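Containing compact mmCIF, N, CA and C atoms: run38.txt.
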# COMPACT_ATOMS: atom_id res chain seq x y z
N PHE A 5 147.41 222.17 -75.43
CA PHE A 5 146.09 222.06 -74.75
C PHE A 5 145.90 220.67 -74.12
N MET A 6 144.75 220.47 -73.47
CA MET A 6 144.41 219.20 -72.87
C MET A 6 143.50 218.45 -73.82
N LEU A 7 143.46 217.13 -73.68
CA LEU A 7 142.68 216.29 -74.58
C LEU A 7 141.20 216.65 -74.44
N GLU A 8 140.53 216.83 -75.57
CA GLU A 8 139.17 217.30 -75.57
C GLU A 8 138.31 216.18 -76.12
N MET A 9 137.04 216.13 -75.73
CA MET A 9 136.14 215.17 -76.32
C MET A 9 135.56 215.75 -77.58
N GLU A 10 135.25 214.90 -78.53
CA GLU A 10 134.71 215.32 -79.83
C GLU A 10 133.46 214.53 -80.17
N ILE A 11 132.39 215.22 -80.53
CA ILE A 11 131.17 214.55 -80.96
C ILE A 11 131.01 214.50 -82.44
N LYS A 12 130.68 213.32 -82.94
CA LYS A 12 130.34 213.15 -84.36
C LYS A 12 128.88 212.77 -84.50
N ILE A 13 128.06 213.64 -85.11
CA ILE A 13 126.64 213.31 -85.35
C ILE A 13 126.57 212.31 -86.47
N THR A 14 126.00 211.13 -86.22
CA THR A 14 125.87 210.11 -87.24
C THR A 14 124.49 210.08 -87.90
N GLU A 15 123.47 210.47 -87.15
CA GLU A 15 122.11 210.48 -87.65
C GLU A 15 121.18 211.28 -86.84
N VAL A 16 120.32 212.06 -87.51
CA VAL A 16 119.22 212.76 -86.81
C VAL A 16 117.94 212.40 -87.58
N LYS A 17 116.92 211.98 -86.84
CA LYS A 17 115.60 211.77 -87.38
C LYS A 17 114.61 212.71 -86.74
N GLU A 18 113.82 213.34 -87.58
CA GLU A 18 112.79 214.22 -87.15
C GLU A 18 111.49 213.45 -86.94
N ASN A 19 111.07 213.31 -85.70
CA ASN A 19 109.86 212.55 -85.42
C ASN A 19 108.72 213.55 -85.31
N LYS A 20 107.90 213.64 -86.35
CA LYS A 20 106.82 214.63 -86.40
C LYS A 20 105.67 214.27 -85.46
N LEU A 21 105.41 212.99 -85.29
CA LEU A 21 104.28 212.55 -84.51
C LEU A 21 104.50 212.79 -83.02
N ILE A 22 105.73 212.60 -82.57
CA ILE A 22 106.08 212.74 -81.15
C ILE A 22 106.60 214.14 -80.87
N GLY A 23 107.20 214.78 -81.87
CA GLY A 23 107.68 216.14 -81.78
C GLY A 23 109.08 216.18 -81.18
N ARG A 24 109.96 215.38 -81.76
CA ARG A 24 111.35 215.30 -81.25
C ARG A 24 112.34 214.94 -82.30
N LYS A 25 113.59 215.31 -82.02
CA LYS A 25 114.71 214.82 -82.81
C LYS A 25 115.24 213.59 -82.12
N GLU A 26 115.59 212.61 -82.89
CA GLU A 26 116.21 211.36 -82.48
C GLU A 26 117.63 211.37 -83.07
N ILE A 27 118.60 211.48 -82.19
CA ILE A 27 119.96 211.83 -82.54
C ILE A 27 120.92 210.74 -82.06
N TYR A 28 121.61 210.17 -83.04
CA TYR A 28 122.65 209.20 -82.80
C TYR A 28 123.99 209.90 -83.07
N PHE A 29 124.97 209.63 -82.20
CA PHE A 29 126.26 210.28 -82.37
C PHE A 29 127.37 209.40 -81.81
N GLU A 30 128.58 209.67 -82.26
CA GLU A 30 129.85 209.11 -81.66
C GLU A 30 130.57 210.13 -80.77
N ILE A 31 131.15 209.67 -79.65
CA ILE A 31 131.99 210.54 -78.82
C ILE A 31 133.41 209.95 -78.93
N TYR A 32 134.39 210.76 -79.35
CA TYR A 32 135.77 210.34 -79.30
C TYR A 32 136.38 211.03 -78.10
N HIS A 33 136.87 210.23 -77.16
CA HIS A 33 137.45 210.73 -75.92
C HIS A 33 138.83 210.17 -75.71
N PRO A 34 139.80 210.61 -76.53
CA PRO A 34 141.18 210.09 -76.53
C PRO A 34 141.86 210.29 -75.21
N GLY A 35 142.61 209.26 -74.83
CA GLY A 35 143.37 209.22 -73.62
C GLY A 35 142.56 209.51 -72.37
N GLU A 36 141.26 209.26 -72.42
CA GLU A 36 140.37 209.57 -71.31
C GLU A 36 139.28 208.51 -71.13
N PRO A 37 138.77 208.43 -69.90
CA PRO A 37 137.69 207.50 -69.63
C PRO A 37 136.44 208.03 -70.33
N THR A 38 135.41 207.21 -70.41
CA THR A 38 134.20 207.68 -71.06
C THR A 38 133.76 208.95 -70.34
N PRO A 39 133.35 210.01 -71.07
CA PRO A 39 132.96 211.21 -70.31
C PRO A 39 131.58 211.09 -69.70
N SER A 40 131.28 211.97 -68.75
CA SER A 40 129.97 211.97 -68.09
C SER A 40 128.87 212.32 -69.04
N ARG A 41 127.63 211.94 -68.67
CA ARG A 41 126.47 212.35 -69.42
C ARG A 41 126.40 213.85 -69.42
N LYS A 42 126.71 214.47 -68.30
CA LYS A 42 126.74 215.92 -68.24
C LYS A 42 127.62 216.60 -69.28
N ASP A 43 128.83 216.10 -69.45
CA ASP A 43 129.75 216.74 -70.38
C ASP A 43 129.36 216.42 -71.79
N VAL A 44 128.89 215.21 -71.95
CA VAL A 44 128.45 214.80 -73.27
C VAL A 44 127.24 215.65 -73.72
N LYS A 45 126.26 215.81 -72.84
CA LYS A 45 125.13 216.70 -73.11
C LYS A 45 125.57 218.15 -73.49
N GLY A 46 126.56 218.69 -72.77
CA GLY A 46 127.05 220.05 -72.98
C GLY A 46 127.60 220.27 -74.40
N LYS A 47 128.39 219.31 -74.86
CA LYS A 47 128.95 219.32 -76.23
C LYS A 47 127.89 219.14 -77.30
N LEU A 48 126.96 218.24 -77.07
CA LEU A 48 125.91 217.97 -78.03
C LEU A 48 125.02 219.20 -78.24
N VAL A 49 124.62 219.80 -77.14
CA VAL A 49 123.84 221.02 -77.13
C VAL A 49 124.55 222.19 -77.79
N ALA A 50 125.84 222.34 -77.47
CA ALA A 50 126.67 223.38 -78.06
C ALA A 50 126.76 223.15 -79.57
N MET A 51 127.06 221.91 -79.93
CA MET A 51 127.25 221.46 -81.33
C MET A 51 125.98 221.67 -82.20
N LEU A 52 124.83 221.33 -81.67
CA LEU A 52 123.61 221.40 -82.46
C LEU A 52 122.78 222.67 -82.22
N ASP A 53 123.25 223.53 -81.30
CA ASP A 53 122.59 224.77 -80.96
C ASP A 53 121.21 224.42 -80.40
N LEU A 54 121.18 223.56 -79.36
CA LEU A 54 119.94 223.04 -78.78
C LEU A 54 119.65 223.63 -77.38
N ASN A 55 118.39 223.73 -76.97
CA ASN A 55 118.05 224.04 -75.56
C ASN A 55 118.42 222.82 -74.71
N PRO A 56 119.32 222.98 -73.72
CA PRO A 56 119.65 221.84 -72.87
C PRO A 56 118.48 221.36 -72.02
N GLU A 57 117.51 222.23 -71.79
CA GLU A 57 116.41 221.86 -70.92
C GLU A 57 115.57 220.75 -71.49
N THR A 58 115.65 220.52 -72.80
CA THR A 58 114.81 219.53 -73.41
C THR A 58 115.64 218.53 -74.25
N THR A 59 116.91 218.34 -73.88
CA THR A 59 117.81 217.49 -74.63
C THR A 59 118.00 216.30 -73.71
N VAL A 60 117.70 215.07 -74.19
CA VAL A 60 117.61 213.91 -73.25
C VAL A 60 118.48 212.84 -73.74
N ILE A 61 119.65 212.69 -73.13
CA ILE A 61 120.50 211.54 -73.49
C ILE A 61 119.86 210.25 -73.00
N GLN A 62 119.71 209.30 -73.89
CA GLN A 62 119.11 208.04 -73.55
C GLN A 62 120.18 207.06 -73.11
N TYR A 63 121.23 206.95 -73.90
CA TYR A 63 122.32 206.10 -73.50
C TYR A 63 123.59 206.56 -74.15
N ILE A 64 124.68 206.08 -73.57
CA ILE A 64 126.01 206.22 -74.07
C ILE A 64 126.69 204.84 -73.88
N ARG A 65 126.99 204.17 -74.98
CA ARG A 65 127.71 202.86 -74.95
C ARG A 65 129.20 203.14 -75.12
N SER A 66 130.00 202.46 -74.33
CA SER A 66 131.47 202.50 -74.42
C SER A 66 131.97 201.10 -74.64
N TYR A 67 133.26 201.03 -74.97
CA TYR A 67 133.90 199.82 -75.42
C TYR A 67 135.29 199.82 -74.80
N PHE A 68 135.65 198.73 -74.12
CA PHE A 68 136.91 198.59 -73.42
C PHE A 68 138.09 198.74 -74.39
N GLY A 69 137.86 198.30 -75.62
CA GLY A 69 138.85 198.23 -76.62
C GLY A 69 139.09 199.51 -77.36
N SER A 70 138.33 200.57 -77.07
CA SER A 70 138.54 201.84 -77.77
C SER A 70 138.10 203.09 -77.02
N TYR A 71 138.57 204.25 -77.51
CA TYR A 71 138.23 205.59 -76.98
C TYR A 71 137.06 206.25 -77.70
N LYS A 72 136.29 205.47 -78.45
CA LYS A 72 135.04 205.92 -79.06
C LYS A 72 133.85 205.31 -78.38
N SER A 73 132.86 206.14 -78.09
CA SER A 73 131.63 205.75 -77.46
C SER A 73 130.51 206.09 -78.44
N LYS A 74 129.33 205.49 -78.25
CA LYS A 74 128.21 205.71 -79.20
C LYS A 74 126.99 206.02 -78.41
N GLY A 75 126.35 207.16 -78.69
CA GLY A 75 125.23 207.66 -77.82
C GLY A 75 123.94 207.86 -78.61
N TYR A 76 122.84 207.91 -77.88
CA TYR A 76 121.52 208.22 -78.46
C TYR A 76 120.91 209.27 -77.55
N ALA A 77 120.42 210.38 -78.11
CA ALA A 77 119.76 211.46 -77.39
C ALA A 77 118.46 211.81 -78.13
N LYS A 78 117.49 212.26 -77.38
CA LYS A 78 116.27 212.79 -78.00
C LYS A 78 116.21 214.26 -77.75
N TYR A 79 115.86 215.06 -78.74
CA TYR A 79 115.58 216.46 -78.39
C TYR A 79 114.09 216.83 -78.60
N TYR A 80 113.44 217.29 -77.57
CA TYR A 80 112.00 217.67 -77.60
C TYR A 80 111.82 219.17 -77.88
N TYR A 81 111.04 219.46 -78.92
CA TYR A 81 110.66 220.83 -79.21
C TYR A 81 109.83 221.48 -78.11
N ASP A 82 109.04 220.69 -77.40
CA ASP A 82 108.24 221.19 -76.30
C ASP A 82 108.48 220.47 -74.96
N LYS A 83 108.79 221.22 -73.89
CA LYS A 83 109.05 220.65 -72.55
C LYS A 83 107.93 219.74 -72.02
N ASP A 84 106.69 220.16 -72.17
CA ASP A 84 105.60 219.40 -71.57
C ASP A 84 105.37 218.07 -72.26
N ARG A 85 105.62 218.03 -73.58
CA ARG A 85 105.63 216.79 -74.33
C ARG A 85 106.73 215.82 -73.82
N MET A 86 107.91 216.36 -73.60
CA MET A 86 108.97 215.57 -73.03
C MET A 86 108.51 214.88 -71.78
N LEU A 87 107.90 215.66 -70.89
CA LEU A 87 107.45 215.21 -69.59
C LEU A 87 106.38 214.11 -69.64
N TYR A 88 105.51 214.17 -70.63
CA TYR A 88 104.53 213.10 -70.84
C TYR A 88 105.14 211.80 -71.36
N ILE A 89 106.22 211.89 -72.13
CA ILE A 89 106.80 210.74 -72.82
C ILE A 89 107.94 210.10 -72.02
N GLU A 90 108.87 210.92 -71.51
CA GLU A 90 110.07 210.37 -70.84
C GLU A 90 109.85 209.98 -69.41
N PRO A 91 110.26 208.75 -69.03
CA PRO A 91 110.28 208.36 -67.63
C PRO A 91 111.16 209.29 -66.78
N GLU A 92 110.67 209.61 -65.60
CA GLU A 92 111.32 210.51 -64.62
C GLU A 92 112.75 210.09 -64.24
N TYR A 93 113.03 208.80 -64.19
CA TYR A 93 114.37 208.30 -63.86
C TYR A 93 115.38 208.72 -64.89
N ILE A 94 114.97 208.76 -66.16
CA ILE A 94 115.83 209.19 -67.27
C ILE A 94 116.07 210.68 -67.27
N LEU A 95 115.00 211.43 -67.01
CA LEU A 95 115.07 212.87 -66.87
C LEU A 95 115.91 213.30 -65.68
N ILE A 96 115.79 212.60 -64.56
CA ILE A 96 116.60 212.88 -63.37
C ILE A 96 118.06 212.60 -63.69
N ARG A 97 118.37 211.36 -64.02
CA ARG A 97 119.70 210.98 -64.52
C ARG A 97 120.39 211.97 -65.48
N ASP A 98 119.62 212.74 -66.25
CA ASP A 98 120.18 213.60 -67.30
C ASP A 98 120.19 215.04 -66.88
N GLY A 99 119.97 215.29 -65.60
CA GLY A 99 120.01 216.63 -65.08
C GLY A 99 118.77 217.43 -65.35
N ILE A 100 117.75 216.80 -65.97
CA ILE A 100 116.49 217.48 -66.25
C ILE A 100 115.62 217.37 -65.01

What is this structure when it is put down as structure tokens?
Amino acid sequence: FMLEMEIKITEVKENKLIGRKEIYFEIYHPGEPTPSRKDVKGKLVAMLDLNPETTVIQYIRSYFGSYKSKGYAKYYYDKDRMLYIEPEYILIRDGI
């Protein structure tokens, strides 16, 4: 097969007041450049059984010295809440 990216969930926090999951994870992308936010979102959603419409990658940090990247995503239980909280540039950037 071809080299695949792998997500490791390191932490999920349930934010009751805001109504979201706060999700920290590692991406291992061996023999490959850092993957796109798009592909990273696809794996995370698949992995956690999440609606992609309300899954918001905030950042993905990479390191020149390794094939592991570290990301932060928020998942909103309600779309309209997402829209009130998240800046439009972030939502646009993330395919939302």

Tell me, as a ChimeraX atom specification, which residues lie within 10 Å of residue 38 (chain A), counting only C-alpha atoms; anything in the same chain fewer than 6 positions away does not count.
/A:9,31-32,44,64-68,70-73

Write the residues of the selection above to a file with N, CA and C atoms, as a tab-separated table (two decimals), keeping the file's coordinate frame.
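Dumped everything to part.tsv:
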chain	number	residue	atom	x	y	z
A	9	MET	N	137.04	216.13	-75.73
A	9	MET	CA	136.14	215.17	-76.32
A	9	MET	C	135.56	215.75	-77.58
A	31	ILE	N	131.15	209.67	-79.65
A	31	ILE	CA	131.99	210.54	-78.82
A	31	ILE	C	133.41	209.95	-78.93
A	32	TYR	N	134.39	210.76	-79.35
A	32	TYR	CA	135.77	210.34	-79.30
A	32	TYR	C	136.38	211.03	-78.10
A	44	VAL	N	128.89	215.21	-71.95
A	44	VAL	CA	128.45	214.80	-73.27
A	44	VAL	C	127.24	215.65	-73.72
A	64	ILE	N	124.68	206.08	-73.57
A	64	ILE	CA	126.01	206.22	-74.07
A	64	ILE	C	126.69	204.84	-73.88
A	65	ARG	N	126.99	204.17	-74.98
A	65	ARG	CA	127.71	202.86	-74.95
A	65	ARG	C	129.20	203.14	-75.12
A	66	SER	N	130.00	202.46	-74.33
A	66	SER	CA	131.47	202.50	-74.42
A	66	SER	C	131.97	201.10	-74.64
A	67	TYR	N	133.26	201.03	-74.97
A	67	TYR	CA	133.90	199.82	-75.42
A	67	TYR	C	135.29	199.82	-74.80
A	68	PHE	N	135.65	198.73	-74.12
A	68	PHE	CA	136.91	198.59	-73.42
A	68	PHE	C	138.09	198.74	-74.39
A	70	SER	N	138.33	200.57	-77.07
A	70	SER	CA	138.54	201.84	-77.77
A	70	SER	C	138.10	203.09	-77.02
A	71	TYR	N	138.57	204.25	-77.51
A	71	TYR	CA	138.23	205.59	-76.98
A	71	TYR	C	137.06	206.25	-77.70
A	72	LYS	N	136.29	205.47	-78.45
A	72	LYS	CA	135.04	205.92	-79.06
A	72	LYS	C	133.85	205.31	-78.38
A	73	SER	N	132.86	206.14	-78.09
A	73	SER	CA	131.63	205.75	-77.46
A	73	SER	C	130.51	206.09	-78.44

Selected residue of minimal separation from residue 63 (chain A) among A:46, A:75, A:34, A:99, counting only C-alpha atoms
A:75

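Residues of region 14-74 of chain A that DSSP, applied to the backbone, places in helix (DSSP H, G or I): residues 41, 42, 43, 44, 45, 46, 47, 48, 49, 50, 51, 52, 56, 57 and 58 of chain A.
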
Could you dump the residues just selected with N, CA and C atoms as a PDB file, keeping the file's coordinate frame?
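Output contents, as saved in selection_11.pdb:
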ATOM      1  N   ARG A  41     127.630 211.940 -68.670  1.00  0.00           N
ATOM      2  CA  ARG A  41     126.470 212.350 -69.420  1.00  0.00           C
ATOM      3  C   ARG A  41     126.400 213.850 -69.420  1.00  0.00           C
ATOM      4  N   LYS A  42     126.710 214.470 -68.300  1.00  0.00           N
ATOM      5  CA  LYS A  42     126.740 215.920 -68.240  1.00  0.00           C
ATOM      6  C   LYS A  42     127.620 216.600 -69.280  1.00  0.00           C
ATOM      7  N   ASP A  43     128.830 216.100 -69.450  1.00  0.00           N
ATOM      8  CA  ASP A  43     129.750 216.740 -70.380  1.00  0.00           C
ATOM      9  C   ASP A  43     129.360 216.420 -71.790  1.00  0.00           C
ATOM     10  N   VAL A  44     128.890 215.210 -71.950  1.00  0.00           N
ATOM     11  CA  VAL A  44     128.450 214.800 -73.270  1.00  0.00           C
ATOM     12  C   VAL A  44     127.240 215.650 -73.720  1.00  0.00           C
ATOM     13  N   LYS A  45     126.260 215.810 -72.840  1.00  0.00           N
ATOM     14  CA  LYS A  45     125.130 216.700 -73.110  1.00  0.00           C
ATOM     15  C   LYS A  45     125.570 218.150 -73.490  1.00  0.00           C
ATOM     16  N   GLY A  46     126.560 218.690 -72.770  1.00  0.00           N
ATOM     17  CA  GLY A  46     127.050 220.050 -72.980  1.00  0.00           C
ATOM     18  C   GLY A  46     127.600 220.270 -74.400  1.00  0.00           C
ATOM     19  N   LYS A  47     128.390 219.310 -74.860  1.00  0.00           N
ATOM     20  CA  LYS A  47     128.950 219.320 -76.230  1.00  0.00           C
ATOM     21  C   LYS A  47     127.890 219.140 -77.300  1.00  0.00           C
ATOM     22  N   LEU A  48     126.960 218.240 -77.070  1.00  0.00           N
ATOM     23  CA  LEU A  48     125.910 217.970 -78.030  1.00  0.00           C
ATOM     24  C   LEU A  48     125.020 219.200 -78.240  1.00  0.00           C
ATOM     25  N   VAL A  49     124.620 219.800 -77.140  1.00  0.00           N
ATOM     26  CA  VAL A  49     123.840 221.020 -77.130  1.00  0.00           C
ATOM     27  C   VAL A  49     124.550 222.190 -77.790  1.00  0.00           C
ATOM     28  N   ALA A  50     125.840 222.340 -77.470  1.00  0.00           N
ATOM     29  CA  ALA A  50     126.670 223.380 -78.060  1.00  0.00           C
ATOM     30  C   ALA A  50     126.760 223.150 -79.570  1.00  0.00           C
ATOM     31  N   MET A  51     127.060 221.910 -79.930  1.00  0.00           N
ATOM     32  CA  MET A  51     127.250 221.460 -81.330  1.00  0.00           C
ATOM     33  C   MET A  51     125.980 221.670 -82.200  1.00  0.00           C
ATOM     34  N   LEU A  52     124.830 221.330 -81.670  1.00  0.00           N
ATOM     35  CA  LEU A  52     123.610 221.400 -82.460  1.00  0.00           C
ATOM     36  C   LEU A  52     122.780 222.670 -82.220  1.00  0.00           C
ATOM     37  N   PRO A  56     119.320 222.980 -73.720  1.00  0.00           N
ATOM     38  CA  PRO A  56     119.650 221.840 -72.870  1.00  0.00           C
ATOM     39  C   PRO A  56     118.480 221.360 -72.020  1.00  0.00           C
ATOM     40  N   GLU A  57     117.510 222.230 -71.790  1.00  0.00           N
ATOM     41  CA  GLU A  57     116.410 221.860 -70.920  1.00  0.00           C
ATOM     42  C   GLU A  57     115.570 220.750 -71.490  1.00  0.00           C
ATOM     43  N   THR A  58     115.650 220.520 -72.800  1.00  0.00           N
ATOM     44  CA  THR A  58     114.810 219.530 -73.410  1.00  0.00           C
ATOM     45  C   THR A  58     115.640 218.530 -74.250  1.00  0.00           C
TER      46      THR A  58
END

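One distance worth recording is that between CA of residue 82 (chain A) and CA of residue 24 (chain A), which is 8.3 Å.
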
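The interatomic distance for the pair atom N of residue 40 (chain A) and atom N of residue 97 (chain A) works out to 13.8 Å.
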
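Counting only C-alpha atoms, the residue from A:61, A:50, A:6, A:100 that sits nearest to residue 29 (chain A) is A:61.
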
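Of the listed residues (A:43, A:10, A:79, A:91), A:79 comes nearest to residue 55 (chain A); the distances count only N, CA and C atoms.
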
Please put the answer as lines of an AutoDock Vina configuration file: centre and edge lengths, in Å with one decimal, of a box along x, y and z that encloses all listed atoms of region 61-79 of chain A plus 3 Å on each side.
center_x = 126.6
center_y = 207.5
center_z = -76.1
size_x = 31.0
size_y = 24.6
size_z = 12.2

One decimal, Å: what's the distance from atom C of residue 26 (chain A) over to atom N of residue 89 (chain A), could you say?
15.8 Å

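Among A:42, A:85, A:47, A:12, the residue with the shortest atom-to-atom distance to residue 30 (chain A), counting all atoms listed in the file, is A:12.
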
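When all atoms listed in the file are used to measure the gap to residue 58 (chain A), the shortest distance among A:80, A:27, A:39, A:45 belongs to A:80.
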
Running DSSP on the backbone, which parts of chain A land in strand (DSSP E or B), as an MDAnalysis selection string?
chainID A and resid 10:19 24:32 59:67 70:80

Please identify all polymer residues within 8 Å of residue 28 (chain A), counting only C-alpha atoms, omitting same-chain residues fewer than 6 positions from it, and present them as a PyMOL selection string.
chain A and resi 13-16+74-77

What would region 71-94 of chain A look like with N, CA, C and O atoms restored, written as a tab-separated table (two decimals), keeping the file's coordinate frame?
chain	number	residue	atom	x	y	z
A	71	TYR	N	138.57	204.25	-77.51
A	71	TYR	CA	138.23	205.59	-76.98
A	71	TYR	C	137.06	206.25	-77.70
A	71	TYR	O	136.88	207.46	-77.58
A	72	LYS	N	136.29	205.47	-78.45
A	72	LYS	CA	135.04	205.92	-79.06
A	72	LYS	C	133.85	205.31	-78.38
A	72	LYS	O	133.87	204.14	-77.99
A	73	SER	N	132.86	206.14	-78.09
A	73	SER	CA	131.63	205.75	-77.46
A	73	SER	C	130.51	206.09	-78.44
A	73	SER	O	130.71	206.91	-79.34
A	74	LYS	N	129.33	205.49	-78.25
A	74	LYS	CA	128.21	205.71	-79.20
A	74	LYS	C	126.99	206.02	-78.41
A	74	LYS	O	126.67	205.25	-77.52
A	75	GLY	N	126.35	207.16	-78.69
A	75	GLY	CA	125.23	207.66	-77.82
A	75	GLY	C	123.94	207.86	-78.61
A	75	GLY	O	123.93	207.85	-79.84
A	76	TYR	N	122.84	207.91	-77.88
A	76	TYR	CA	121.52	208.22	-78.46
A	76	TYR	C	120.91	209.27	-77.55
A	76	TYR	O	120.96	209.10	-76.35
A	77	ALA	N	120.42	210.38	-78.11
A	77	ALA	CA	119.76	211.46	-77.39
A	77	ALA	C	118.46	211.81	-78.13
A	77	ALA	O	118.29	211.62	-79.36
A	78	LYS	N	117.49	212.26	-77.38
A	78	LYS	CA	116.27	212.79	-78.00
A	78	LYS	C	116.21	214.26	-77.75
A	78	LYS	O	116.47	214.69	-76.61
A	79	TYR	N	115.86	215.06	-78.74
A	79	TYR	CA	115.58	216.46	-78.39
A	79	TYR	C	114.09	216.83	-78.60
A	79	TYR	O	113.57	216.73	-79.68
A	80	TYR	N	113.44	217.29	-77.57
A	80	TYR	CA	112.00	217.67	-77.60
A	80	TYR	C	111.82	219.17	-77.88
A	80	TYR	O	112.39	220.04	-77.20
A	81	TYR	N	111.04	219.46	-78.92
A	81	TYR	CA	110.66	220.83	-79.21
A	81	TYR	C	109.83	221.48	-78.11
A	81	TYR	O	109.90	222.69	-77.90
A	82	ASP	N	109.04	220.69	-77.40
A	82	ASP	CA	108.24	221.19	-76.30
A	82	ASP	C	108.48	220.47	-74.96
A	82	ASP	O	108.38	219.25	-74.90
A	83	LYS	N	108.79	221.22	-73.89
A	83	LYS	CA	109.05	220.65	-72.55
A	83	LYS	C	107.93	219.74	-72.02
A	83	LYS	O	108.17	218.66	-71.50
A	84	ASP	N	106.69	220.16	-72.17
A	84	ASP	CA	105.60	219.40	-71.57
A	84	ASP	C	105.37	218.07	-72.26
A	84	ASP	O	105.02	217.09	-71.59
A	85	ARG	N	105.62	218.03	-73.58
A	85	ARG	CA	105.63	216.79	-74.33
A	85	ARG	C	106.73	215.82	-73.82
A	85	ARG	O	106.52	214.61	-73.67
A	86	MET	N	107.91	216.36	-73.60
A	86	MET	CA	108.97	215.57	-73.03
A	86	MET	C	108.51	214.88	-71.78
A	86	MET	O	108.72	213.69	-71.63
A	87	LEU	N	107.90	215.66	-70.89
A	87	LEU	CA	107.45	215.21	-69.59
A	87	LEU	C	106.38	214.11	-69.64
A	87	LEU	O	106.36	213.24	-68.78
A	88	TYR	N	105.51	214.17	-70.63
A	88	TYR	CA	104.53	213.10	-70.84
A	88	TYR	C	105.14	211.80	-71.36
A	88	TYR	O	104.65	210.75	-71.06
A	89	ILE	N	106.22	211.89	-72.13
A	89	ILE	CA	106.80	210.74	-72.82
A	89	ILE	C	107.94	210.10	-72.02
A	89	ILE	O	107.97	208.88	-71.86
A	90	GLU	N	108.87	210.92	-71.51
A	90	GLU	CA	110.07	210.37	-70.84
A	90	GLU	C	109.85	209.98	-69.41
A	90	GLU	O	109.30	210.74	-68.67
A	91	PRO	N	110.26	208.75	-69.03
A	91	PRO	CA	110.28	208.36	-67.63
A	91	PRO	C	111.16	209.29	-66.78
A	91	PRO	O	112.25	209.73	-67.26
A	92	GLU	N	110.67	209.61	-65.60
A	92	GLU	CA	111.32	210.51	-64.62
A	92	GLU	C	112.75	210.09	-64.24
A	92	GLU	O	113.60	210.94	-64.00
A	93	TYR	N	113.03	208.80	-64.19
A	93	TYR	CA	114.37	208.30	-63.86
A	93	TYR	C	115.38	208.72	-64.89
A	93	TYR	O	116.50	209.02	-64.57
A	94	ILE	N	114.97	208.76	-66.16
A	94	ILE	CA	115.83	209.19	-67.27
A	94	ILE	C	116.07	210.68	-67.27
A	94	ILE	O	117.19	211.12	-67.51
